[PDB]
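Below you'll find the structure, written out as structure tokens, and then a few comments.
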Amino acid sequence: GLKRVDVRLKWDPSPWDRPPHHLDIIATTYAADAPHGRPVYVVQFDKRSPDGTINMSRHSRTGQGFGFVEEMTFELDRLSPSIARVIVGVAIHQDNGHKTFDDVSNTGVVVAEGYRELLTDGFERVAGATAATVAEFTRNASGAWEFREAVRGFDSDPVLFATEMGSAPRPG
Ligand code: NA
Ligand code: NA
Ligand code: NA
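Shown next, in the form of structure tokens:
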């Protein structure tokens, strides 16, 4: 299955007219015995993975730079056997007022394994959301990691999003 995977995120900064656009890639890990329970831990710009298996070589609180301004790399194959699910998403900071993906120009994410593209998205499906999951990694019976597209919108701020981003969706 997948051995290592990365997530890169781009977005445009805000007009001189407005407070910064602060977006974060956020991931959570889930125990084999509770794939949809509480996160085992949360990974984002200000919180490293405790096991060293996830890194961010860059991150941004503004989107000022050009291209992919934030990235998170996962060495899935190096995760404890007791972790069997990972979910990664993107959250918009809400401290300058209610702000969705539709409010922020050229928001984009790419999920890849090296040179194999897994997902590219502009968050069009979740225009009204303050935060969104984009991808799920889960282990096989044989223990190999698999990817699934998991683009789903949420209405929470970044901290609340992390608590709920792994919960079982509603069937439909
Ligand atoms: Na950020
Ligand atoms: Na940018
Ligand atoms: Na957008």
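Add 19 to the 1-based position in the sequence shown for the deposited numbering, that's all there is to it. Even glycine gets a Cβ: it sits at the ideal position worked out from N, Cα and C.
Which residue or residues does DSSP assign as beta-bridge partners of residue i?
{"i": "residue 74", "result": "92"}
{"i": "residue 43", "result": "110"}
{"i": "residue 19", "result": "What is shown of the chain runs 20 to 191, which leaves residue 19 out entirely."}
{"i": "residue 62", "result": "46"}
{"i": "residue 140", "result": "128"}
{"i": "residue 21", "result": "164"}
{"i": "residue 180", "result": "Answer is none; residue 180 lacks a bridge partner."}
{"i": "residue 171", "result": "152"}
For my contact list, residue i and residue j are in at a C-beta cut-off of 8 Å; report their separation, rounded to the angstrom.
{"i": "residue 111", "j": "residue 149", "result": "5 Å"}
{"i": "residue 105", "j": "residue 43", "result": "Not a contact, Cβ separation roughly 16 Å."}
{"i": "residue 13", "j": "residue 58", "result": "Outside the displayed span of the chain (20 to 191) sits residue 13, for which this structure offers no information."}
Using the beta-carbon count (16 or more within 10 Å), is residue i buried or exposed?
{"i": "residue 34", "result": "exposed"}
{"i": "residue 101", "result": "exposed"}
{"i": "residue 46", "result": "buried"}
{"i": "residue 7", "result": "The question about residue 7 has no answer here: the residues shown for the chain are numbered 20 through 191."}
{"i": "residue 83", "result": "exposed"}
{"i": "residue 130", "result": "buried"}
Please identify the residue among the options whose C-alpha is closest to the C-alpha of residue i.
{"i": "residue 116", "options": "27, 40, 102", "result": "40"}
{"i": "residue 182", "options": "29, 20, 81, 62", "result": "62"}
{"i": "residue 76", "options": "27, 55, 186", "result": "27"}
{"i": "residue 147", "options": "125, 120, 167", "result": "120"}
{"i": "residue 169", "options": "188, 158, 178, 87", "result": "188"}
{"i": "residue 95", "options": "186, 174, 23", "result": "23"}
{"i": "residue 89", "options": "103, 127, 72", "result": "127"}
{"i": "residue 32", "options": "167, 175, 81, 91", "result": "81"}
{"i": "residue 133", "options": "103, 64, 155, 93", "result": "93"}
{"i": "residue 190", "options": "25, 171, 154", "result": "171"}
{"i": "residue 160", "options": "180, 51, 72", "result": "51"}
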